[PDB]
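Give me a 3D structure for the following:
(one chain, ligands or ions: 3)
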Amino acid sequence: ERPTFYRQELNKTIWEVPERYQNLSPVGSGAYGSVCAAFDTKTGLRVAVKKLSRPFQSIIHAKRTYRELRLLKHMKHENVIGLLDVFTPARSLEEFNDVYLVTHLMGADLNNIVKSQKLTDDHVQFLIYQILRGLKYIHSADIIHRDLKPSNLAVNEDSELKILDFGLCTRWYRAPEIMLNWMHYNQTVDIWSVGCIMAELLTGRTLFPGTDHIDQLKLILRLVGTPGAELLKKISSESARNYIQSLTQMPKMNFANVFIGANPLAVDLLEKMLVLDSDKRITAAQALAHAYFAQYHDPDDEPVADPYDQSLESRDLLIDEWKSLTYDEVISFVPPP
Ligand SMILES: C[S@](=O)c1ccc(-c2nc(-c3ccc(F)cc3)c(-c3ccncc3)[nH]2)cc1
Ligand SMILES: CCCCCCCCO[C@@H]1O[C@H](CO)[C@@H](O)[C@H](O)[C@H]1O
Ligand SMILES: CCCCCCCCO[C@@H]1O[C@H](CO)[C@@H](O)[C@H](O)[C@H]1O
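Residues are numbered from 1 along each chain as shown. Ligands and ions are numbered 1, 2, ... in the order given. Take a look at the structure below.
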């Protein structure tokens, strides 16, 4: 049984949606497509509905539409954006051209909730605990976020937090190896970001507000020191090793004299997150077991994902192949409990 759809002009196109979604009100448009807030009469929930723009305009658009859908369908965790619904007005493949995605309405990001204020230690424990819990899940699926920052973090007024992959509402939270276009990366690029987020929550200041790419690097090296010999050993590029070999060696500052007054557990966790050598950074699961999170840690409700086959989305296919693939993802969607 199909729901009854209704047609309505919004953000300069005809939106066509099930009647369960009421009171459509645009929150944003862009090249990606646009979004309305709505009330979902069926669940009683305030929801965001995204209408993809030009989803099947080209191979690249089609490919991306398929990845976005597939990723959304696989993310099922309290601290990660998930899918409430996916729908198309289309009744067959032959007429399939629009894709709408539904999730909880999110009216505020982490910036919007903290507003450059120091938070209490307890409040930072809660926020960070959740980021890390979502990241354990995400990383267990063999995914690296790669651009974790306060704008990619949805936080309601109960400080309940979800990781996003789009700015809801800088380069300051990026791992130094991402800033340096390092060919390889591990999941601890995201742990670096968490450390930057956590420092700023504690202190009320951006940790490394560089004015540009190199000023950013200088600020980082100042806190965490220049590469040691173990780290230099693992540099492939002759130009990167010759650059480093020519730096005046600086020592890693004492984080106790940077985070004056902070809980000593908080300083300890930060020392473990903000190691230059990414092989040396704490992992999410490890950070979740750290004493800093004693009050929130439950080793039995820190769930993992089935690894996520990213090969199916990096194929080189034809428009109408990606579109039928995407159409099957729509048809197969099972609403969550
Ligand atoms: C690339 S651009 O900066 C961009 C901006 C916003 C969004 C954007 N996408 C969504 C959104 C909506 C429904 C979904 F199912 C998935 C994502 C939202 C959203 C979700 C919940 N409440 C408010 C807004 N914002 C996507 C891309
Ligand atoms: C759905 C929210 C879960 C977070 C998973 C985010 C996965 C993001 O994955 C990232 O996407 C970028 C392009 O936007 C790529 O350039 C990066 O290489 C990639 O790591
Ligand atoms: C001058 C500033 C240099 C920044 C040093 C970045 C060190 C990051 O750490 C490196 O991460 C790589 C993945 O990117 C791994 O392959 C390396 O083994 C690891 O040491």
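
How is the closest residue to ligand 1 within the stretch 151-300 of the chain classified with respect to secondary structure?
Residue of the stretch 151-300 of the chain nearest ligand 1, by CB to the nearest ligand atom: residue 166 (4.0 Å). Every C-beta, even on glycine, is put in place using the N, C-alpha and C of the backbone. Three-state call for residue 166 (DSSP: H, G, I helix; E, B strand; the rest coil): coil.

Please apply the same query to residue 142.
In three-state terms, and counting by three-state DSSP, residue 142 is coil.

just checking, residue 218 touches residue 210?
Yes - judged on CB atoms under 8 Å, residue 218 makes contact with residue 210 at a distance of 7.2 Å.

tell me the contacts of the residue in the stretch 151-300 of the chain positioned nearest to ligand 2?
Closest residue of the stretch 151-300 of the chain to ligand 2, CB to the nearest ligand atom: residue 165 (3.8 Å). Shown in contact with residue 165 (CB atoms under 8 Å, 6 or more residues apart in numbering): 71, 81, 145, 152.

between those, which has the most around it?
residue 81 (22 neighbours; other CB atoms under 10 Å).

got the contact list for that one?
Residue 81 makes contacts with 72, 75, 103, 106, 154, 162, 163, 164, 165, as judged by CB under 8 Å, 6+ apart.

Identify each buried residue in the helix or strand residue 321 falls within, please.
Per DSSP states H and E, residue 321 falls inside helix 319-331. Going by neighbour count (16 or more other CB atoms under 10 Å), the buried part of helix 319-331 is 322, 323, 325, 326, 327, 329, 330.

Any chance of TSV for these, columns distance to ligand 3?
Compiled in TSV, the buried residues of helix 319-331 are given as follows (distance: CB to the nearest ligand atom, whole Å):
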residue	distance to ligand 3
322	31
323	36
325	32
326	33
327	38
329	32
330	37
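
Reformat these as TSV; add distance to residue 121.
Below are the buried residues of helix 319-331 laid out as TSV (distance: CB to CB, whole Å):
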residue	distance to residue 121
322	48
323	51
325	48
326	46
327	50
329	43
330	45
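
Between these, which sits nearest residue 305?
residue 329 (17.3 Å; CB to CB).

Would you mind measuring from the closest one to residue 137?
Per CB to CB, to the nearest Å, residue 329 is found 21 Å from residue 137.

swap in residue 76?
9 Å.

Tell me which of these two has more neighbours.
residue 137 (22 against 14).

residues in contact with that one?
Counting by CB under 8 Å, 6+ apart, residue 137 has contacts 77, 79, 80, 303, 304, 305.

so the fourth one makes contact with residue 75?
So the one you mean is residue 303. No - between residue 303 and residue 75 there is no contact under CB under 8 Å: 11.9 Å.

The two - which one has more neighbours?
Set residue 303 next to residue 75 and count neighbours by other CB under 10 Å: residue 75 wins out with 22 against 12.

Find the nearest non-adjacent residue to the more buried one, please.
Among residues not flanking residue 75 along the chain, residue 82 sits closest, at 5.1 Å (CB to CB, 6 or more residues apart in numbering).
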